[PDB]
Amino acid sequence: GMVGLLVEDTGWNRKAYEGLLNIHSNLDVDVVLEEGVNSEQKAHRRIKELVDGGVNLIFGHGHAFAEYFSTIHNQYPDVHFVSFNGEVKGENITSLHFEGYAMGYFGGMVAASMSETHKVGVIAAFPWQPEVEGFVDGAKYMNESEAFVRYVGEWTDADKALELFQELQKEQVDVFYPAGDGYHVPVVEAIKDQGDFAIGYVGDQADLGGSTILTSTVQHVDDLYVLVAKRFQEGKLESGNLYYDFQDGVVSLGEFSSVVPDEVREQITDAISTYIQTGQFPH
């Protein structure tokens, strides 16, 4: 057990930094981080040093590390490779994925429940984001609020994302789900300003906003890192693409706002528990 982490220039790579930090903290291994790994070239070189130094478990934060690891995981049989998000096939190579639909759904229930205009909205980056569907379905499952979905071209365009906020503003939308790590705060802020409600993204977001953050659709990257580094130690870590959701314990909802009626919570807290055992949504 000696863990390395490859990270590339800016979701939030800080959730990976804290992940590696807890790995070295909650387990007893030595940790090493390589930053600015932006090409197969660099990735391959930094893998040599890492295994030279004696790392035997290497993480890649991001979808491209899977391809990077794939073109090299066979010359390092004695080393296991985990990627965050790619598609991988092999024995000493794994890939991690967070399940998005669920969290979006439950988040959307709170969203709608807390809406005055029965008009909720999602400002996401791309259509393939599960959270977008599950969100709409939540704002339908219980309030039947007309959902507005706007797509930003990408994850870092705070500008456009803010325009989409404004746009939906002029449509009497009052609860927002800005599902893009890159522009999330810029948009949460503008909301707190306007006095509307938002749903946190990937992070607890409560303290970085406040009473404006009804709740947050949280993905525990730091936890998943530790988790995955623990199975690799206990020899029990699978290979290939693994998927995590509310049932695996690394996906949740953030601390509800004081604002949310104590009943709306109970309902969801129960829907979640149900979904954790059943595997189905309140509809």
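Residue numbers for the sequence shown, in the authors' numbering: 0 to 9, 14 to 286.
Every residue gets a Cβ at the ideal spot worked out from N, C-alpha and C, and that includes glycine.
Legend entry - Residue span of the beta strand (DSSP E) that contains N244, given as start and end: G243 to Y247
Legend entry - Span of the alpha helix (DSSP H), counted from its first residue to its last, around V267: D265 to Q280
Legend entry - Contact between the region 261-275 and the region 202-218 (3+ Cβ pairs under 8 Å): yes
Inset, instruction - Could you spell out the range, first to last residue, of the beta strand (DSSP E) harbouring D226? - result: Run containing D226: none in the beta strand (DSSP E); it sits in the alpha helix (DSSP H), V224 to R234.
Inset, instruction - List the residues that DSSP assigns as beta-bridge partners of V125. - result: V152 and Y180
Legend entry - Where residue 12 sits in the DSSP three-state scheme: The chain lacks coordinates between 9 and 14, the interval that contains residue 12.
Legend entry - Collapsed DSSP secondary structure at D207 in the structure displayed: coil
Legend entry - Residue span of the alpha helix (DSSP H) that contains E170, given as start and end: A161 to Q172
Inset, instruction - Look at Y154 and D184 and say whether their C-beta atoms are less than 9 Å apart. - result: no
Legend entry - Any 3 or more C-beta pairs closer than 8 Å across the region 95-110 and the region 231-244: yes
Legend entry - Residue environment, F72, which counts as buried when at least 16 other CB atoms sit within 10 Å: buried
Inset, instruction - Only counting runs of 4 or more residues, tell me where the alpha helix (DSSP H) segments fall wholly within the region 46-84, in order along the chain. - result: 67-73
Inset, instruction - Taking 9 Å as the cut-off, decide whether the C-beta atoms of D177 and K143 are in contact. - result: no
Inset, instruction - Look up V190 in the DSSP assignment and say whether it is helix, strand or coil. - result: helix
Inset, instruction - Return the chain-ordered list of same chain residues with a C-beta closer than 6 Å to the C-beta of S86, the five sequence neighbours on each side being excluded. - result: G63, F68, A69, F72 and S98
Inset, instruction - Kindly indicate which three-state DSSP category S255 falls into: helix, strand or coil? - result: strand
Legend entry - Per-residue DSSP class, three states only, for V135: helix
Legend entry - Selection from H66, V82 and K195 that minimises the alpha carbon distance to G89: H66
Legend entry - Beta carbon of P189 nearer than 9 Å to that of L165: yes
Inset, instruction - Might you give, ordered along the chain, the residues of its own chain that have their beta carbon closer than 6 Å to the beta carbon of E258, omitting 5 neighbours on each side? - result: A209
Legend entry - Pick from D251, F200, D162 and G14 that is closest to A115, judged by C-alpha positions: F200
Inset, instruction - State the CB to CB distance for the pair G137 and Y108, rounded to an integer number of angstroms; the pair is presumed to be in contact (CB under 8 Å). - result: 4 Å
Legend entry - Nearest residue (CA-CA) to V58, options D251, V224, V2 and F151: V2
Inset, instruction - Determine the DSSP secondary structure at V262, reduced to helix, strand or coil. - result: coil
Legend entry - Residues bridged to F87 [DSSP beta-bridge criterion]: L99
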